[PDB]
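Chemist: Mind having a look at this structure? Questions to follow.
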Amino acid sequence: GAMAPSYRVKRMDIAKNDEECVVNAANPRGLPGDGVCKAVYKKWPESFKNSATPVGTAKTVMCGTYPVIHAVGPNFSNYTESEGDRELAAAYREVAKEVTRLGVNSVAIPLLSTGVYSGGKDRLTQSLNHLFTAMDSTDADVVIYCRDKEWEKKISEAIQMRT
Ligand SMILES: [Cl-]
Ligand SMILES: [Cl-]
């Protein structure tokens, strides 16, 4: 576990993380895909061997000794708001189980279902709150990765409001 488990946020490419494992915003088929998933495929392509897994689940594949946790959020273009919300909460619960099983002291996480899978809605609060629900009981240092300055600002505010 980390000495004083914490949440942080960084505005940079998750493929350049400084943590002991990474969470991929995966597609269910294990394809190279787009956005975070494509960056993860270019950095850790060996981790896409038999990485296909259903919506709401997480599947870990090693790249060397570095764990890639493929977490499949719902595409809100396809799911109802209600069913999508359930599957998004479930994907993060499965990430917490994998982080625990691996024994890592830190994990790099993106906000699931906030990009290509957002159905064109702002889902920062919805996705972050489900990340907290799952990860609050874990002792790994969590570092959230984002792209946009206004996302960094709001994520940082949400973290600090609990401290
Ligand atoms: Cl970067
Ligand atoms: Cl997404």
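Going from the start of the chain as shown, residues are counted 1 onward.
Per deposition record, X-ray crystallography, 1.4 Å.
Placement of Cβ uses the backbone N, Cα and C atoms for every residue, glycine included.
Annotations for this protein, taken from the PDB entry, read as follows:
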SEQADV    1-3  expression tag
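In case it helps, Swiss-Prot gives these features for our protein:
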BINDING   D13, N27, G35, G115, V116, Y117  ADP-D-ribose binding site
Chemist: Please work out the number of neighbouring Cβ atoms within 10 Å of the Cβ of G35 (ADP-D-ribose binding site), leaving out its own Cβ.
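Modeler: There are 14 such Cβ atoms around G35 (ADP-D-ribose binding site).
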Chemist: How about long-range neighbours of the expression tag (1-3): same chain, 6 or more residues beyond its ends, C-beta under 8 Å?
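Modeler: Same-chain contacts beyond the flanks: 105-106, 139-141.
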Chemist: Using DSSP, what is the helix/strand/coil residue split across the expression tag (1-3)?
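Modeler: Taking the expression tag (1-3) as a whole: 0 helix, 0 strand, 3 coil.
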Chemist: Taking every protein chain in this structure into account, which of the binding-site residues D13, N27, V116, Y117 has the most other Cβ atoms within 10 Å of its Cβ?
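Modeler: That would be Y117, with the most Cβ atoms nearby.
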Chemist: Filtering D13, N27, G115, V116 (binding-site residues) by proximity to ligand 2: which pass a Cβ cutoff of under 6 Å to any of its atoms?
Modeler: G115, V116
Chemist: Using a Cβ-Cβ cut-off under 8 angstroms and a sequence gap of six or more, which residues of the chain neighbour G115 (ADP-D-ribose binding site)?
Modeler: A25, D34, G35, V36
